[PDB]
Amino acid sequence: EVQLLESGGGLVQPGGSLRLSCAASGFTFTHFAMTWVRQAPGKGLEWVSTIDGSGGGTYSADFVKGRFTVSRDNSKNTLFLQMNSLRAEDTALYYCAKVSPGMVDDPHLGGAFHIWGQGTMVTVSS
Amino acid sequence: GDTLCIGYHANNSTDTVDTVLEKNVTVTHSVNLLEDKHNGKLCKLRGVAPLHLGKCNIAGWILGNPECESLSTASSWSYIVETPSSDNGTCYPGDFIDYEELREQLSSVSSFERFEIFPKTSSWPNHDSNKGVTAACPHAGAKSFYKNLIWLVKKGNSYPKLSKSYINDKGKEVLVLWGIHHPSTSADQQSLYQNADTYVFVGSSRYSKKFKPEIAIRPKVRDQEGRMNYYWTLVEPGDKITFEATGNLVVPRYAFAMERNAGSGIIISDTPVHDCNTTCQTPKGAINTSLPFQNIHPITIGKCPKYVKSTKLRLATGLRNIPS
Amino acid sequence: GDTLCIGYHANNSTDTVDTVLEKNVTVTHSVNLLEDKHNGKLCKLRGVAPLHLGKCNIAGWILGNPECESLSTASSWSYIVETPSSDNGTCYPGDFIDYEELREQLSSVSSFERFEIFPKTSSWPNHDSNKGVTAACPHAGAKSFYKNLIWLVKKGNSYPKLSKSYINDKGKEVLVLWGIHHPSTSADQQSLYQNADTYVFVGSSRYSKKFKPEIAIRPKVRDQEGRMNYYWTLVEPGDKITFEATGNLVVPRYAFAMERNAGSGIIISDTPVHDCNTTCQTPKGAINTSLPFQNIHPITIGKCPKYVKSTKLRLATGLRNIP
Amino acid sequence: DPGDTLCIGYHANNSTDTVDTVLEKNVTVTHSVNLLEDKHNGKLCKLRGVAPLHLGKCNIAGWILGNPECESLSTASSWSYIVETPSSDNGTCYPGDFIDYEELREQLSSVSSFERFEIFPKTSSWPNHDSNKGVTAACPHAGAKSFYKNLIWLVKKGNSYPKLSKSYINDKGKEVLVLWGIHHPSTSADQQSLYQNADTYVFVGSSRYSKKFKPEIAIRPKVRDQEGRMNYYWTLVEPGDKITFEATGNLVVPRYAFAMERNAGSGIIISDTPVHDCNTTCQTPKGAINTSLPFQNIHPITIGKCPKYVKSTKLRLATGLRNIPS
Amino acid sequence: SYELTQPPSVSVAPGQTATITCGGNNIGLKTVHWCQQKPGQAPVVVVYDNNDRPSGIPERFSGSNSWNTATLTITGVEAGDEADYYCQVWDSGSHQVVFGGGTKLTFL
Amino acid sequence: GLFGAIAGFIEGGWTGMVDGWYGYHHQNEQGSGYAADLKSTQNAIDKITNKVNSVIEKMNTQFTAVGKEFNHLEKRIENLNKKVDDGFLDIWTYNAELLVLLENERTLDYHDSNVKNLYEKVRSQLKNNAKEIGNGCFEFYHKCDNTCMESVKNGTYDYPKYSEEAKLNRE
Amino acid sequence: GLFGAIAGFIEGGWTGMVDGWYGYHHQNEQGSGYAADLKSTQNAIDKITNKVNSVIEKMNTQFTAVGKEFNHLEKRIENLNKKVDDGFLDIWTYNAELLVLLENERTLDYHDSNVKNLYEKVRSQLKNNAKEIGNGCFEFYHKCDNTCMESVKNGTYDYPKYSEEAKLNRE
Amino acid sequence: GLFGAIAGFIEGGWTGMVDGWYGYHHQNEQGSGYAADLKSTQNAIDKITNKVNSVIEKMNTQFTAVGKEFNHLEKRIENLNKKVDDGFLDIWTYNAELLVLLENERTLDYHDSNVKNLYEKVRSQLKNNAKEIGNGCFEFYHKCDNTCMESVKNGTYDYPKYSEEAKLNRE
Ligand SMILES: *[C@@H]1O[C@H](CO)[C@@H](O)[C@H](O)[C@H]1NC(C)=O
Ligand SMILES: *[C@@H]1O[C@H](CO)[C@@H](O)[C@H](O)[C@H]1NC(C)=O
Ligand SMILES: *[C@@H]1O[C@H](CO)[C@@H](O)[C@H](O)[C@H]1NC(C)=O
Ligand SMILES: *[C@@H]1O[C@H](CO)[C@@H](O)[C@H](O)[C@H]1NC(C)=O
Ligand SMILES: *[C@@H]1O[C@H](CO)[C@@H](O)[C@H](O)[C@H]1NC(C)=O
Ligand SMILES: *[C@@H]1O[C@H](CO)[C@@H](O)[C@H](O)[C@H]1NC(C)=O
Ligand SMILES: *[C@@H]1O[C@H](CO)[C@@H](O)[C@H](O)[C@H]1NC(C)=O
Ligand SMILES: *[C@@H]1O[C@H](CO)[C@@H](O)[C@H](O)[C@H]1NC(C)=O
Ligand SMILES: *[C@@H]1O[C@H](CO)[C@@H](O)[C@H](O)[C@H]1NC(C)=O
Ligand SMILES: *[C@@H]1O[C@H](CO)[C@@H](O)[C@H](O)[C@H]1NC(C)=O
Ligand SMILES: *[C@@H]1O[C@H](CO)[C@@H](O)[C@H](O)[C@H]1NC(C)=O
Ligand SMILES: *[C@@H]1O[C@H](CO)[C@@H](O)[C@H](O)[C@H]1NC(C)=O
Ligand SMILES: *[C@@H]1O[C@H](CO)[C@@H](O)[C@H](O)[C@H]1NC(C)=O
Ligand SMILES: *[C@@H]1O[C@H](CO)[C@@H](O)[C@H](O)[C@H]1NC(C)=O
């Protein structure tokens, strides 16, 4: 079955780095657009960045300010994410979600997150 | 002495005619061969009700645009009315191939009952039909789509080879429309239709073509980077129409039983529709005259007079009116 | 007594003309400008024998239909005769690509000579030519095919890349005809031409197209589920044509040395063909008159009068006839 | 002298003017007006106070495409004719079919504002594709191989052909003609050695015009020493929309577009008639017509607000009475 | 740019129709993918579009997008319906995914 | 005109009579007033209405949709349609406006011919009994009562019965 | 008609003669029978057949195949061809019908003018010697033997020679 | 012609006159020479130039490119254009030829009408005083000076004042 997986980092000070990955398995990985969503502990969800299935056109939120760049590797069936930690507000549980096929408009990207990955805690603070 | 003068009569008439020898001469009586008056209402031609699409065009009415639900099609119509501001037609970007002659053929139809060759409930078991609604075709706020077409999706993670045929058994030319979707990106192509390469062959006893997607990013029209290209054909009263596709097919939910009657045109005007009895109909206004010439509008449908550029076409049936 | 009383001629004539002032007035003499007589025989125009396809149409005759071979092909004709009931045309189902304007071009010719552009005996060494027979064209109850075309099939178990050219050396426009076969299934494609992908290319100095099959099951027409689209081109004098094909090509056995003369039309009628000499011809019957207005038929070929909807265009020549 | 006679008569003179009536065929009349002008000035001259275009030894295809054999002409801003010689053999130099050729020849006939503008600069707009190694022997200029000026025949640069992406947002308020080409090599080796990719598609979207092009690679009879064809395409960019040139292969992408505001309604005159400056209501290939008369016999092909063509020889209207001199 | 606003909490009586709203701009021309989150859980989608429901999810969960607001119109609330209900839409104009604060509805 | 009746011998129309297109004026001692000629007006209005019905009825046509619609890639066909429509426009304008200029002259010339021939008929009936003044006037050399008014207007005149009295008056 | 000769005062045509379109009748004491004008009828038939040869010959039609064949997918071009054919049909039917209704009228008015001008030439040659009686007939006031018959018919008449003999008549 | 003045009873045109299309010649004792009427000739030339302008300006065309260019795959459309252009050619040639064959028998019939009407006005003014000698002339029966030349040409002849001289000379 479709089983999205998580990998993250424990604690990094503002001015460091850490690596996130989403090792998806159980389906055809090349043809579904992977995402990343996070939430503060007690706050509503907020989106980080999507990726395209081809590994090309990438989309990301406004809080990143160019620091966070998701990268897609179709060959090994695993998604990568850049956490170059420069700010201390990025404390959250990091989820990777799979975009199911959409309906006419924005098919590859605007689809329901039917399979939601679990959450790896990533806390940044001095 | 007595008197027996022979003369002609004169009156207070000020009607003027022009001859080769002398222009602007007054005559006692005259008849206007130039009908410069129209009722200004798109009334009934022959004896049946002309069609009114309202805020629709032929590419929106026949496709089943959500903004074309107000109009009613029940019986034969003599011509099709479109507002010049009618832009609610094809609500998905694309070119309707063979468009203008389909408009011409569908201008007047003696027997038009809008029936259902393939019922949405049962005719497509193995494909997803509910997902085919778009934000480029709003009905009231929420996303909608054409009623007369179903735009299919792979159901689950597979698009099986669709193969469904309609044996025409109605004695009239069943008019069929289908669409071929051209995604903007190949990722869209796969995520809508499981097959990367997707032929759409549609066969008949007389018409056969194979269709393939043209996958590339177009400039945005109606917030869409992909095109949706429409085709049509006339199924003869006794032949078959085979629909075959491994992807990118917009099947006909509703076909249209059709019987052409001598052909007509399309009138595009803002003119309101009322019930009248007019032999000739122009976009500016309907005319009921046997008079040979008109100047209202060149584009005319019916047993209409000839359009000319003149302004004074009067036969001088009376004499030269020289009063006093 | 005595008198010289001026008067005017009257007679027993009953010809009626219509003036703008008064209708149905009788005149002594009248010259009819609206002939309603046609001989009812499709006869010779410009002094040349018209073509007769009989129970066959332009598609059938030009493709070499086994049903309309009985006609004797001539070198020149003013128009082409087709029965309204003549349906023996394209026996194998398909769409004749560029059909109506080829019919328009082939309406009249000055020198039409059918010749072996590629003789069946020697021009196709590596392809099987006898196997291309279909039940769509039956002749004497046996499977046959077009005489003017060869429906080549793989010889053995392979279809080589057919290369064959014709450098036009006759000084007139050689009309070349080929067909492209669209099978019903991929099994038919493999069993006929051995290649799944098959391009057919027909090059010239003004014509260049690439053809590919459209392989899919179709509704049955004449017991055949596949189509056979026919293409053509007009090779100019001194030009070259190049036939390249990996499969699905129905090669020209006979092309047709051809020169056009001003273009003409096609007369579709049941009318018998006879020997006459007429300036105008219509499907109902030929019109040998010098008069300006006709009413027989709209579709006219030749130095024909103008067609009207009138019935009495009698031009008054004599006087008012009051006996 | 017994009576002072007051004879009534009609004017007669020494006039040989002849008119044809419906009863008699030759009658002489004192005065007449010639409704069939049979005189031309012999000079291809102006309509609307505007100089007609002259391509000389060039046709519309060669002109718009940028033929190095008809660059000597001075481009104008308006014209009601496109003069071509009957020869006009110096047009398209590389063999091929101008797709939708006569439609384009009809559209760009009465342009009100023709300013050829460099839509994509050769200096900067194509960084990743070679633009100098695109000259052919089909267009020779000064004895050396050259190619069209309004189009750049891109080739693989180095050893690869990147997926070309280039857009022009029309910002001139008028329709912008964009003429590209698709190259069909004679040999698949030519395809590989000219464009690194073999399965090459070219898509040109206009937000109203969408079509995908693919090569037709096959050896052809030689035309002008070239065994390949080069199909020319075009579209009208609307004054507000975009045009997109996505191409992984054969593409002669335009150096120059052509801004245009169409008056519409004029055609093409093909003659060796010399061009001078005149002021005429009509011009035919056999020479212009400065008359107000109703009918004209000069040429059937008439471009302008000018008389109706007939087959007549004597359309003489006898304003004067019957001339019977004694 | 595109803004989603929802009530911080929605009150409802047990067995009474519970309406959850994800307001904002003209969300009708936009696919709303409703999904609830229990504490210690991942978002499970209950209406993956304008109006259609996934398998394994009870029928009472329904959705009807409208001119400006999406409505996860649950026809009958029970003990398993106390959670935070997020709304997820892909914004076509700016190519973003935007969630909402969600409704922490209580059946009381 | 061509026949010299309207604006010829008679220049002014008569506002008194609305009975017909053509009429008379009897000024005998028994009465006065205008009276139209029944037979000439009836057959002339019959022929004129026949002329109008010929111009109208002979232009009978069939059900044709004049307007055709073409896209951008068919512009030569669109301009061919425009040339067909405009050529029909020039043919119909130059053979209806000029046709009206011809037929109006023919109709006022027919009115010329009817007035002139009614004049000539009265000249033929009366011979030299009246002194022709112009304007259609006939100066009677006999005291002509309403009976001979009616006989001349009908078309039959007994010349010998008034000939001797006309001779004695003109003496 | 417009000139008032055929069906005007001359009400009846003549079936006795077949020599020409126009003619006379002589009730001379020498003989009787109808005798036509050779020259008048000759130029009449020449001009009428020139009208016929003009309406025939000036219509020059080159080699045109009117029939064009179009398939279903070009229904617009087929209706454009149908509109071209229908417009040509309407133009040719309307101009041919009205051309016949006007040439018939012109031909019959030409015969009106020929008969009227024959009458005018006759009253010009005889001057006051003849007496107009209607129906085109000319009653004489002298013997006018067959020589005088032929002189009036030809076109040269010696009025002073018979002036005294007509002076015996009418007192 | 139809009215019988031009080539009728006026057989010869006059080369001496220059002033106008129509005119008179007088041979009184006070002088001689050809003198035209300004009123008749000016209104006639005004109507003729109006007729020519009706032929000319009523033919209104538009800015139309008659030439269309077709390749060889479109020969049905090329021959459709050929049929459109050739049908317009036959329509315009036949209409123009027959318009210049009928309007050129109507201009000459109108000049015939004006000469005939001038002759009728002369005999209406002059009455029995001037006998008609033929050749379109008027042989007077009184010594009419240039003053009454002007009066007849102006249409203001006084019949009674020369009645006595004409009646004494007529005997
Ligand atoms: C004209 O005369 C008619 C007939 O006498 C009369 O009815 C009418 O009132 C008059 N006036 C107008 C302006 O028509
Ligand atoms: C004819 O009269 C009308 C009256 O409206 C006027 O406009 C026009 O100019 C006149 N034409 C001439 C030629 O006098
Ligand atoms: C209908 O037309 C209006 C007016 O431009 C437009 O805003 C709307 O999007 C159109 N709707 C459809 C369904 O085409
Ligand atoms: C004409 O139309 C009117 C109004 O709709 C209708 O009442 C009448 O029956 C019609 N007449 C005919 C003859 O069809
Ligand atoms: C047009 O229709 C009306 C009925 O509204 C009718 O009475 C009238 O006669 C018609 N008009 C003409 C000019 O025939
Ligand atoms: C008319 O009479 C002639 C002799 O004048 C005769 O030859 C002819 O047969 C007659 N015609 C008819 C129809 O009786
Ligand atoms: C010829 O036509 C007949 C019917 O007319 C048909 O039965 C027959 O099969 C046809 N033959 C061919 C070779 O098309
Ligand atoms: C017309 O054809 C006939 C056929 O019998 C022939 O005898 C005759 O010579 C031909 N006429 C011309 C003018 O060629
Ligand atoms: C054609 O008609 C003419 C004229 O009537 C005649 O002389 C000729 O014999 C006819 N020819 C044929 C072949 O009928
Ligand atoms: C006619 O004669 C006149 C005499 O004055 C002369 O001026 C004129 O040139 C002559 N015309 C011709 C055409 O010879
Ligand atoms: C009329 O004149 C022309 C031109 O001079 C001459 O050729 C012809 O013979 C004359 N006669 C006829 C009958 O056309
Ligand atoms: C121009 O035409 C000449 C012949 O006139 C030809 O030799 C030459 O190659 C042509 N050049 C081009 C560029 O077409
Ligand atoms: C007409 O052209 C002439 C020739 O040079 C010139 O004098 C005149 O200005 C022109 N008229 C215009 C351009 O309106
Ligand atoms: C054109 O002709 C007119 C007269 O019709 C003349 O006045 C004018 O000068 C001419 N113009 C040219 C440029 O020849």
# chains A, B, ... in the order shown; residues from 1 in each chain; ligands from 1
>>> residues_near_ligand(ligand="ligand 2", cutoff="12 Å", atoms="only C-alpha atoms and all ligand atoms", output="PyMOL selection string")
(chain B and resi 14-19+22-26+311-312) or (chain H and resi 50+53-54)
>>> interface_residues(of="chain E", to="chain B", cutoff="9 Å", atoms="only C-alpha atoms", output="NGL selection string")
:E and (26-31 or 49-50 or 52 or 64-68 or 92-93)
>>> residues_around(residues="residue 282 of chain D", least_positions_apart="2", cutoff="8 Å", atoms="only C-alpha atoms", output="PyMOL selection string")
chain D and resi 47+280+284+288-290+302-306
>>> write_last_selection(atoms="C-alpha atoms", output="JSON list (two decimals), in the first residue's frame")
[["chain", "number", "residue", "atom", "x", "y", "z"],
["D", 47, "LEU", "CA", -4.01, 54.88, -54.17],
["D", 280, "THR", "CA", -5.20, 57.50, -59.25],
["D", 284, "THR", "CA", -4.72, 47.30, -62.86],
["D", 288, "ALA", "CA", -3.89, 52.64, -63.84],
["D", 289, "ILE", "CA", -7.22, 54.38, -64.51],
["D", 290, "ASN", "CA", -8.01, 58.05, -63.81],
["D", 302, "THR", "CA", -8.99, 45.56, -60.56],
["D", 303, "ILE", "CA", -7.97, 46.64, -57.05],
["D", 304, "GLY", "CA", -9.80, 49.74, -55.83],
["D", 305, "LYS", "CA", -13.00, 51.80, -56.00],
["D", 306, "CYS", "CA", -12.94, 51.56, -59.76]]
>>> residues_near_ligand(ligand="ligand 9", cutoff="8 Å", atoms="only C-alpha atoms and all ligand atoms", output="JSON, numbers by chain")
{"C": [39, 276, 277, 278, 288, 289, 290]}
>>> residues_near_ligand(ligand="ligand 1", cutoff="10 Å", atoms="only C-alpha atoms and all ligand atoms", output="short mmCIF file (atom, residue, chain, number, x, y, z; two decimals) with N, CA and C atoms, in the first residue's frame")
data_model
loop_
_atom_site.label_atom_id
_atom_site.label_comp_id
_atom_site.auth_asym_id
_atom_site.auth_seq_id
_atom_site.Cartn_x
_atom_site.Cartn_y
_atom_site.Cartn_z
N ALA B 10 -54.21 66.98 -59.47
CA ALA B 10 -53.12 67.31 -58.57
C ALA B 10 -53.67 67.32 -57.15
N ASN B 11 -52.76 67.16 -56.19
CA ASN B 11 -53.15 67.11 -54.79
C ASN B 11 -52.05 67.77 -53.97
N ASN B 12 -52.17 67.68 -52.64
CA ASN B 12 -51.20 68.23 -51.72
C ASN B 12 -50.06 67.27 -51.41
N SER B 13 -49.99 66.15 -52.12
CA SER B 13 -48.94 65.16 -51.90
C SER B 13 -47.57 65.74 -52.21
N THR B 14 -46.59 65.42 -51.36
CA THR B 14 -45.22 65.90 -51.51
C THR B 14 -44.24 64.75 -51.74
N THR F 15 -56.66 70.38 -58.66
CA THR F 15 -56.91 69.96 -57.29
C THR F 15 -58.38 69.71 -56.99
N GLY F 16 -59.27 70.04 -57.93
CA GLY F 16 -60.69 69.88 -57.67
C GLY F 16 -61.13 68.42 -57.62
N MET F 17 -60.64 67.60 -58.55
CA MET F 17 -61.13 66.24 -58.72
C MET F 17 -60.18 65.23 -58.09
N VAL F 18 -60.75 64.30 -57.33
CA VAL F 18 -60.04 63.14 -56.81
C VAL F 18 -60.69 61.85 -57.31
#
>>> residues_around(residues="residue 57 of chain E", least_positions_apart="2", cutoff="12 Å", atoms="only C-alpha atoms", output="ChimeraX atom specification")
/E:35-36,44-48,52-55,59-62,80
>>> select_by_dssp(residues="chain A", states="strand (DSSP E)", output="mmCIF file with N, CA and C atoms, in the first residue's frame")
data_model
loop_
_atom_site.group_PDB
_atom_site.id
_atom_site.type_symbol
_atom_site.label_atom_id
_atom_site.label_comp_id
_atom_site.auth_asym_id
_atom_site.auth_seq_id
_atom_site.Cartn_x
_atom_site.Cartn_y
_atom_site.Cartn_z
ATOM 1 N N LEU A 18 20.020 21.070 8.407
ATOM 2 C CA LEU A 18 19.577 19.701 8.635
ATOM 3 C C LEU A 18 18.788 19.246 7.413
ATOM 4 N N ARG A 19 18.584 17.934 7.313
ATOM 5 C CA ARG A 19 18.087 17.298 6.097
ATOM 6 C C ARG A 19 16.753 16.610 6.358
ATOM 7 N N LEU A 20 15.784 16.856 5.479
ATOM 8 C CA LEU A 20 14.498 16.171 5.489
ATOM 9 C C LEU A 20 14.346 15.313 4.242
ATOM 10 N N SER A 21 13.718 14.150 4.401
ATOM 11 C CA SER A 21 13.432 13.284 3.268
ATOM 12 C C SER A 21 12.078 12.615 3.455
ATOM 13 N N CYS A 22 11.496 12.192 2.332
ATOM 14 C CA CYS A 22 10.195 11.520 2.283
ATOM 15 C C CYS A 22 10.345 10.295 1.386
ATOM 16 N N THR A 35 4.554 16.766 -1.610
ATOM 17 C CA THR A 35 4.431 18.037 -0.901
ATOM 18 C C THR A 35 5.177 17.976 0.427
ATOM 19 N N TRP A 36 5.088 19.079 1.169
ATOM 20 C CA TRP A 36 5.559 19.175 2.544
ATOM 21 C C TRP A 36 4.657 20.163 3.265
ATOM 22 N N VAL A 37 4.111 19.758 4.411
ATOM 23 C CA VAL A 37 3.255 20.604 5.234
ATOM 24 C C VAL A 37 3.711 20.438 6.678
ATOM 25 N N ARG A 38 3.611 21.511 7.466
ATOM 26 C CA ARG A 38 4.008 21.474 8.866
ATOM 27 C C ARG A 38 2.929 22.137 9.715
ATOM 28 N N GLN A 39 3.032 21.956 11.032
ATOM 29 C CA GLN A 39 2.166 22.661 11.967
ATOM 30 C C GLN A 39 2.908 22.919 13.271
ATOM 31 N N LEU A 45 -2.539 24.010 10.493
ATOM 32 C CA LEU A 45 -1.581 23.571 9.486
ATOM 33 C C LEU A 45 -1.139 24.732 8.602
ATOM 34 N N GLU A 46 0.073 24.611 8.064
ATOM 35 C CA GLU A 46 0.612 25.590 7.134
ATOM 36 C C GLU A 46 1.570 24.871 6.194
ATOM 37 N N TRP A 47 1.523 25.247 4.921
ATOM 38 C CA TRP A 47 2.202 24.524 3.855
ATOM 39 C C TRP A 47 3.623 25.033 3.647
ATOM 40 N N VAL A 48 4.533 24.111 3.331
ATOM 41 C CA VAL A 48 5.941 24.447 3.141
ATOM 42 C C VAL A 48 6.277 24.583 1.660
ATOM 43 N N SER A 49 6.134 23.495 0.899
ATOM 44 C CA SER A 49 6.527 23.485 -0.506
ATOM 45 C C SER A 49 6.004 22.226 -1.184
ATOM 46 N N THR A 50 5.557 22.371 -2.430
ATOM 47 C CA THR A 50 5.257 21.247 -3.304
ATOM 48 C C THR A 50 6.401 21.037 -4.289
ATOM 49 N N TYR A 59 7.373 24.667 -6.361
ATOM 50 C CA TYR A 59 6.542 25.702 -5.767
ATOM 51 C C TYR A 59 6.745 25.684 -4.262
ATOM 52 N N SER A 60 6.779 26.862 -3.649
ATOM 53 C CA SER A 60 7.055 26.942 -2.223
ATOM 54 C C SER A 60 6.296 28.133 -1.647
ATOM 55 N N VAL A 70 12.772 22.446 -2.066
ATOM 56 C CA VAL A 70 12.494 21.019 -2.178
ATOM 57 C C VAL A 70 13.058 20.496 -3.494
ATOM 58 N N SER A 71 13.664 19.312 -3.444
ATOM 59 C CA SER A 71 14.245 18.674 -4.616
ATOM 60 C C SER A 71 13.734 17.245 -4.714
ATOM 61 N N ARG A 72 13.469 16.803 -5.938
ATOM 62 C CA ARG A 72 12.832 15.519 -6.200
ATOM 63 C C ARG A 72 13.809 14.576 -6.886
ATOM 64 N N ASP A 73 13.872 13.339 -6.401
ATOM 65 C CA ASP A 73 14.696 12.287 -6.992
ATOM 66 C C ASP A 73 13.772 11.126 -7.348
ATOM 67 N N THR A 78 12.443 8.689 -3.589
ATOM 68 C CA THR A 78 12.631 9.398 -2.330
ATOM 69 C C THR A 78 12.710 10.892 -2.614
ATOM 70 N N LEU A 79 11.998 11.686 -1.818
ATOM 71 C CA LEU A 79 11.960 13.136 -1.960
ATOM 72 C C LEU A 79 12.892 13.777 -0.939
ATOM 73 N N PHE A 80 13.512 14.893 -1.321
ATOM 74 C CA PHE A 80 14.467 15.614 -0.489
ATOM 75 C C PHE A 80 13.965 17.025 -0.205
ATOM 76 N N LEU A 81 14.376 17.579 0.937
ATOM 77 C CA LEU A 81 14.000 18.934 1.323
ATOM 78 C C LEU A 81 15.168 19.646 1.994
ATOM 79 N N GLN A 82 15.359 20.917 1.638
ATOM 80 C CA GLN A 82 16.424 21.747 2.195
ATOM 81 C C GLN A 82 15.923 22.541 3.396
ATOM 82 N N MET A 83 16.375 22.141 4.582
ATOM 83 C CA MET A 83 16.297 22.943 5.803
ATOM 84 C C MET A 83 17.676 23.534 6.067
ATOM 85 N N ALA A 92 8.065 22.692 14.475
ATOM 86 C CA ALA A 92 6.874 22.069 13.910
ATOM 87 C C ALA A 92 7.094 20.571 13.772
ATOM 88 N N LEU A 93 6.004 19.870 13.469
ATOM 89 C CA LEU A 93 6.045 18.488 13.010
ATOM 90 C C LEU A 93 5.963 18.501 11.491
ATOM 91 N N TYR A 94 6.941 17.885 10.836
ATOM 92 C CA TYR A 94 7.068 17.970 9.388
ATOM 93 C C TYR A 94 6.449 16.740 8.735
ATOM 94 N N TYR A 95 5.426 16.977 7.920
ATOM 95 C CA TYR A 95 4.667 15.951 7.224
ATOM 96 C C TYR A 95 4.954 16.059 5.734
ATOM 97 N N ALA A 97 3.151 14.857 2.187
ATOM 98 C CA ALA A 97 1.876 14.363 1.698
ATOM 99 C C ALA A 97 1.949 14.143 0.196
ATOM 100 N N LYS A 98 1.103 13.242 -0.289
ATOM 101 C CA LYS A 98 1.035 12.892 -1.700
ATOM 102 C C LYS A 98 -0.206 13.520 -2.314
ATOM 103 N N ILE A 115 -3.015 10.414 1.124
ATOM 104 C CA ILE A 115 -2.049 9.694 1.943
ATOM 105 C C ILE A 115 -1.173 10.729 2.634
ATOM 106 N N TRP A 116 -1.384 10.900 3.934
ATOM 107 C CA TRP A 116 -0.643 11.862 4.736
ATOM 108 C C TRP A 116 0.462 11.125 5.475
ATOM 109 N N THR A 120 7.785 14.203 11.825
ATOM 110 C CA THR A 120 9.064 14.211 12.524
ATOM 111 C C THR A 120 9.294 15.596 13.119
ATOM 112 N N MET A 121 9.506 15.646 14.431
ATOM 113 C CA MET A 121 9.720 16.910 15.123
ATOM 114 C C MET A 121 11.022 17.559 14.669
ATOM 115 N N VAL A 122 10.940 18.826 14.270
ATOM 116 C CA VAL A 122 12.107 19.646 13.960
ATOM 117 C C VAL A 122 11.953 20.953 14.723
#
>>> interface_residues(of="chain F", to="chain C", cutoff="12 Å", atoms="only C-alpha atoms", output="list in words")
residues 43, 44, 45, 46, 47, 48, 49, 50, 51, 52, 53, 54, 55, 56, 57, 58, 59, 60, 61, 62, 103, 106, 107 and 110 of chain F
